[PDB]
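This document opens with one chain alone, in structure tokens, the form deposited in one PDB entry.
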């Protein structure tokens, strides 16, 4: 029951890899401590292999089978449709990895006959063959962080023609089933504001609240063949077309449960018997599995009136305190239960009695005041990684723009507003590139977004108050200011000064550019403009934005 077996062939790169922060003429205006920032590369892939490779034991009790029967009961109410090849093709990202069979993402997206014809052959093969393990590629991810050095994460993915096939059979299921099965507990159904609202309401719903986040050690690697078969049995509860049932059975047997790993040079690297990081079911399967194990462990631990919020492998529980010493014991039992279910902890969970101090999905609730003076809750996070990534994107073009996703998700925040908007607006102004659509990711799915649509996008997701928050909490202010020291980023007084300039330049452009100046930087000027509902915002087609998680799933919306 080892998570992985290995040949000793190396995990190899596709192109040359950069680990040090690329530097240009714009770098110093953002950050001076260039050595704090790095990108992971295949050079550390061996250290990751070590970490992810382990024996899994699972003991499954009555609480577990009880939760699952309940889940399947809910799953039986889902009706899900097959996608046409064409619909599946339009969900493929433009920069998704090319097929080994002589076509790429551009070909799939164009609906070309070489691509489409191959995808059809892959589909027919899935219908006819439910046993032969499907080939996959293993790679080291190149990802950017600030020190305190992580080894590269691994991505494991099947060929392009198989990914399109997954969309056909499962895209509707993974999009629909988790909310139905999990209700209010399914995290990816919420905008950041809706998330805050859920955590706040939930917290307020207990006489003596206590909460904790649960950090599973390498979750993908803890996921067993049992876990995967269990997920498939949930999928099959849906009302599906016969071809869909057969294709799902096949993908589960041939791909999801495990398979051979091939490097970029075509050498056999070993064998996977755990969650593949790069398949469509990655987010939905982790969420369901995490929910099943956690819900059962809550029963084993006898947590009182617990409420969970789950996003893939990210788990937060809020419940009724039974006192400081009883809570610590409860959490021990919870952790023992999760371990038996093959989800042992990284850092062991600790009970928290302040909502603002609970971190889940790398984020926490904080408090600011709106234009009326009223305390308002909002979602923030520690800015270190958004800024390290922003430093990289200042000097390099990337397929996915972190800074843009961060402005979108963290728009009400002190640091997104003063640092991210100012800095990137400055850059795009200077290159007359305000009108250029850029790719970014939200809950794993990729979106092409025009920076000039940011006021409307923001109003529609966070509301007009995102443009007027002030008097941030001493705790938030100081985490930001402490992040700026560590990175060597100019202090906020500098950013305020720069934003006034950026604001004036944007206004001078007229049109959408002036809207960005008006709405995004009103915080920067003492003589404040009247911020009214933007007409275009109500016309914005933001369906499928905050519906499901697609991390690893090769989705383009």
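Numbering follows the first chain given and starts at 1. Take the two forms, find the largest set of C-alpha atoms that superpose within 1.5 Å, and that set is the rigid core.
Same protein, other form: the form solved in complex with a small molecule, not shown, and the subject of what follows.
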Q) Is the gap between residue 37 and the small molecule in the entry with it bound 4.5 Å or less for some heavy atom pair? A) yes
Q. Can you check whether residue 502 is within 4.5 Å of the small molecule in the entry with it bound, heavy atom basis?
A. no
Q | residue 163: touches the small molecule in the entry with it bound, heavy atom cutoff 4.5 angstroms | A | no
(Q) Is residue 291 part of the interface with the small molecule in the entry with it bound - any heavy atom within 4.5 Å? (A) no
**Q.** Contacting member of 487, 105, 122, 298, with respect to the small molecule in the entry with it bound [4.5 Å, heavy atom]
**A.** 487
Q) Tell me, which of 428, 89, 388, 238 has a heavy atom within 4.5 angstroms of the small molecule in the entry with it bound? A) 388
Q. Thinking of the small molecule in the entry with it bound, which stretch from 89-97, 420-428, 249-257, 174-182 has heavy atoms inside 4.5 Å of it?
A. 420-428
Q: Using heavy atoms only and a 4.5 Å cut-off, decide whether all three of 394, 495 and 498 touch the small molecule in the entry with it bound.
A: yes
Q | Rigid-core-referenced C-alpha movement of 2 Å or more between the shown form and the other one, selected from 442, 154, 298, 319 | A | 442
